[PDB]
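Let's start with one chain on its own, the form deposited in one PDB entry, as structure tokens.
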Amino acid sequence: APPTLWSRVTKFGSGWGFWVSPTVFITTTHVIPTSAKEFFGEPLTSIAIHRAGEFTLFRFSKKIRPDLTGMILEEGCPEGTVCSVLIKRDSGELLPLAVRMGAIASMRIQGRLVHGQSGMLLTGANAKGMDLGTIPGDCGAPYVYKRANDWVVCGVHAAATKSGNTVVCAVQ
């Protein structure tokens, strides 16, 4: 995946977030540090928060990341699209896990109720464990794909089943 897309992936709370533009940051609601009153030097006062379940979008009143260009954010992707989940792991290793995307789903995973776009990992027979599949620390990592000549972001990592095969992308 292009270096600009990896540059946008930021360590945040108990997981990750993603800079869509110089002023727009998306992440998975449950990774947000619950007591936090200040983000990237800005008070809440200066920030527009849009929260729908496990998807959260922060819009800032000034350019936090002026090095970036604004890219396309869509509400999930057509069934059958292959995405990459842009996962950073211990030591500057970059793990773009391939997922075939499915339907909008409601699920119960480790007891909690989860809603978003379901997918099946294309990394192995099952994706149990950190080598072929996701771990709780990956939450907030972006789901991206290339369409003709540009790249689209269409959600953030919210959950994965015990077997690991099934993942859920929270969507705008």
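For every residue, the number given is its place in the sequence shown, counted from 1. For the two forms, the rigid core is made up of the largest set of C-alpha atoms that agree within 1.5 Å on superposition.
Keep in mind that the form deposited in another entry is missing from the display, and what follows is about it.
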property	result
Displaced position between the shown form and the other one, chosen from 127, 144, 64, 32 (C-alpha, 2 Å or more, rigid core)	127
Core-superposed comparison between the shown form and the other one, residue 90 Cα displacement 2 Å or beyond	yes
Cα-Cα trend for residue 35 and residue 90, given that in the other form the distance shifts by 3 Å or more	closer
Comparison of CA distance in the other form with shown form for residue 40, residue 90, at least 3 Å	closer
